[PDB]
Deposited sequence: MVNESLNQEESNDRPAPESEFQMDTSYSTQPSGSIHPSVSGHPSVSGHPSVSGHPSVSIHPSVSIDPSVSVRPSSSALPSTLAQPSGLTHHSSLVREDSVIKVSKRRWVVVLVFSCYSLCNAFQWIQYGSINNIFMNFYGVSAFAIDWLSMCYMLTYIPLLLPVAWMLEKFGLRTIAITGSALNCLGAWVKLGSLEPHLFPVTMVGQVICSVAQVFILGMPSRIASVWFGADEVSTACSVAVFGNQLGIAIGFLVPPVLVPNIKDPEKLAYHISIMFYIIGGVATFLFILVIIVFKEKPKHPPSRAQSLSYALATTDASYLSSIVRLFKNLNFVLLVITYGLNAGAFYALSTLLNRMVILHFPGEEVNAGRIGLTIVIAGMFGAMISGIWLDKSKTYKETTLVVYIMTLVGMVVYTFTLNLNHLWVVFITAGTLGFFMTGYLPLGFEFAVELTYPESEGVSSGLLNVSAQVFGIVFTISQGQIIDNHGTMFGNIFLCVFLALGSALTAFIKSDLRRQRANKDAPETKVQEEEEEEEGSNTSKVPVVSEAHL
């Protein structure tokens, strides 16, 4: 009937993007200063990693129940849940400030993991609900950006806030000030989400949302009887999991090939995540202008395969600035792909909920990342870095062709 956009769309996208930033900061805070937390708690680097690995393990199971609550309860309920869990995870980490309270920090990080299942695949649902045509792909990218910027900030804030002193009493004071900051921002973002996050604007922002409005396992059966979405799940998994396996093993590579350059390995990782924030935005700003979702997806994908090859065959040319350029180009393209993939999924399966589509894409990427990381660490230890790198190139080359058999079946476009 009437399709009107409101200005609260920005407010909602910014509040979501900000507590997604906060959640992504909580995921990486322990790692940024891992050696400091190993000493504070007296645990292994394995135990401190479990903190970062728990975010990824929780998502695969809790996706299906969380996406049901999405349609059974709504998007305000999902926002309040996610924000509240992000706040609870953060505050439980203030009964962990004693060397012997590692179980409680893990209790906190699990809660913070469960909060992500209510945040990671939600960008495309919020875009669909609040943003109209020619801006839906950009909200989704403003959220992916909120997440990437929290991973970045998180690399940079803990080494500044907490020094590498060994004193068990002053390090606790230096971790209190980080835990307090994050708790007090997760509380602020929570209280706003309860204030300003409407379940739906007054009018549908788009003609596709207006018509969407007019069994859970049946709908999961129907997304997997759709070949263009199966191909996209597989190829998104290949690309994003290769990105994960690339990032996990990036430090190890630069120390093997540039021994003594630990400062610059972390700098190269910041370059990957910063270049990625920019590509996330521009990919979305390019899609809401052109609407070229099968051709963008293929060219990017093919640019993630050219980039993995150049990285592969330039890691031992003895030039650290070349590694900066190559790793920055990958992160650029491999993070610009993620918002593009979500929106191409929403185009291939339009009436179907954006939650289920984006969550299935995320579960794939998290499965393929775990598999590729396990496989690569076994290939590198036994055959070298170039072989483990080629491994990633051959799954990217295989994914390129799979991306090309996905049809440009743009339903949300056809519904305008």
| query | finding |
| --- | --- |
| Stretches of the record's deposited sequence for which the structure holds no C-alpha atoms | 1 to 98, 313 to 318, 521 to 551 |
